[PDB]
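Written out below as structure tokens is the structure these notes cover.
Every number here is computed from the coordinates shown, using simple stated rules; none is lab data. Cβ sites come from the backbone with ideal geometry, for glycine too, and all protein chains shown count toward neighbours.
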Amino acid sequence: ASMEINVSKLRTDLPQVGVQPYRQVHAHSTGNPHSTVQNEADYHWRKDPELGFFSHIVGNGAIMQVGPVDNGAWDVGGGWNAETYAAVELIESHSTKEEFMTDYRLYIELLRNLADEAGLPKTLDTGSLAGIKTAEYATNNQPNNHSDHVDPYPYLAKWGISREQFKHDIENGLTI
Amino acid sequence: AXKX
């Protein structure tokens with residue numbers, strides 16, 4: 001199917017962070033057990049950006065672009081803010097595995113697509129500066145870290161997606 | 001998420 005992205009809540013006034021080239025796409029999850037994709041987009045629209053901002057949200061079968069790409073972001077709380085080409089938030093409010101999987105698939109596909117768009121390798125949590133990095137990986141590896149965030153692995157584990165499965169899906173693409 |  002064609003990928004559809006809702007840009008209705010794209011917050012243009014967010015600050016410039018660092019400069020090109022941006023070597024990373026960041027994989028996050030919201031840490032919010034109750035919010036919908038629209039709730040997240042609406043809060044992101046109005047919030048103090050210092051609390052954290054990002055570029056995309058995946059949830060409820062939809063993808064919303066909520067911030068600029070190729071801009072950096074205040075998403076990971078340390079030096080790799082200045083490497084953020086894009087930062088994708090998966091919602092955490094799924095009632096069932098089936099509903100989770102619909103969004104998980106979109107999440108994998110979007111992370112891969114954003115890496116392609118940025119000219120970055122479709123790799124997960126490698127040591128190279130370039131690639132797709134989780135918030136956990138940024139927290140543990142970036143210079144000047146101030147975060148304690150370790151998303152999205154705990155939420156993926158809630159729904160039976162292991163570290164290895166997530167890496168395989170990012171790096172090889174989805175299969176049946 | 002999270003300027004730090």
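Name the residues in region A:6-22 that are surrounded by 13 or more Cβ atoms within 10 Å (Cβ to Cβ) and within 22 Å of A:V58 (Cβ to Cβ), would you? Give the steps one after another, and end with the answer.
In the first step, residues of region A:6-22 are kept if they are surrounded by 13 or more Cβ atoms within 10 Å (Cβ to Cβ); the result is A:6, A:9-11, A:14-15, A:17-18, A:21-22.
Residues satisfying the conditions are A:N6, A:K9, A:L10, A:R11, A:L14, A:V17, A:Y22.
Could you list, in sequence order, the residues of region A:6-32 that are assigned to a loop (DSSP other than H, G, I, E, B), at negative phi and within 12 Å of chain B (Cβ to nearest Cβ)? Steps first, answer last, please.
Here is the first cut: in region A:6-32, the ones assigned to a loop (DSSP other than H, G, I, E, B) are A:7-23, A:30-32.
Then keep just the ones that are at negative phi; that gives A:7-17, A:19-23, A:30, A:32.
Across region A:6-32, the qualifying residues are A:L14, A:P15, A:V17, A:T30, A:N32.
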Exercise. For region A:78-93, enumerate the residues that are within 20 Å of A:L156 (Cα to Cα), at the interface with chain B (Cβ under 9 Å from one of its Cβ atoms) and not small (G, A, S).
Key: A:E89
Quiz prompt | Residue satisfying all of: in region A:99-138; more than 15 Å from the chain's Cα centre (by Cα) and under 20 Å from A:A1 (Cα atoms); surrounded by the most Cβ atoms within 10 Å (Cβ to Cβ) among these | solution = A:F100
Practice problem: Report yes if A:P68 is more than 10 Å from every other protein chain (Cβ to nearest Cβ), outside any helix (DSSP H, G or I) and over 16 Å from the mean Cα position of the chain (by Cα), otherwise no. | Solution: no
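When region A:108-140 is examined, which residues are found to be of a type in the set (S, T, N, Q) and within 19 Å of A:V58 (Cα to Cα)? Full working, then the answer.
Our first condition is that a residue be of a type in the set (S, T, N, Q); within region A:108-140, this holds for A:113, A:123, A:126, A:128, A:134, A:139-140.
Matches in region A:108-140: A:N113, A:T134.
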Self-check item: Residues of region A:33-50 satisfying the condition of being within 14 Å of chain B (Cβ to nearest Cβ) and over 17 Å from A:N71 (Cα atoms)
Solution: A:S35, A:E40, A:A41, A:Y43, A:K47, A:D48
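Among the listed residues A:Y85, A:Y104, which satisfies the condition of being closer than 24 Å to A:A41 by Cβ, outside any helix (DSSP H, G or I) and of a type outside the set (V, I, T)? Steps first, please.
Working: A:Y104 fails: outside any helix (DSSP H, G or I).
Answer to the selection: A:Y85.
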Quiz prompt | Top-ranked residue in region A:124-176 [being of a type in the set (D, E, K, R) and not in a helix (DSSP H, G or I); ranked as farthest from the other protein chains (Cβ to nearest Cβ)] | solution = A:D125
Quiz item: Of everything in region A:88-101 that's among the acidic types (D, E) and outside any strand (DSSP E or B), which residue is nearest to A:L14 (Cα to Cα)?
Solution: A:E92
Quiz item: Under the condition of being touching a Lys or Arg at 6+ places or on another chain (Cβ under 9 Å) and crowded, with 19+ Cβ neighbours inside 10 Å, which residue from region A:154-176 is nearest to A:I132 (Cα to Cα)?
Solution: A:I170
Quiz item: Residues in region A:33-65 that are within 15 Å of A:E4 (Cβ to Cβ) and part of a loop (DSSP other than H, G, I, E, B): how many?
Solution: 2
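Would you mind finding the one in A:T96, A:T84 that is more than 16 Å from the chain's Cα centre (by Cα) and β-branched (V, I, T)? Explain how you work it out, then say what you get.
Working: A:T84 fails: more than 16 Å from the chain's Cα centre (by Cα).
Going through A:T96, A:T84 in turn, just one is more than 16 Å from the chain's Cα centre (by Cα) and β-branched (V, I, T): A:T96.
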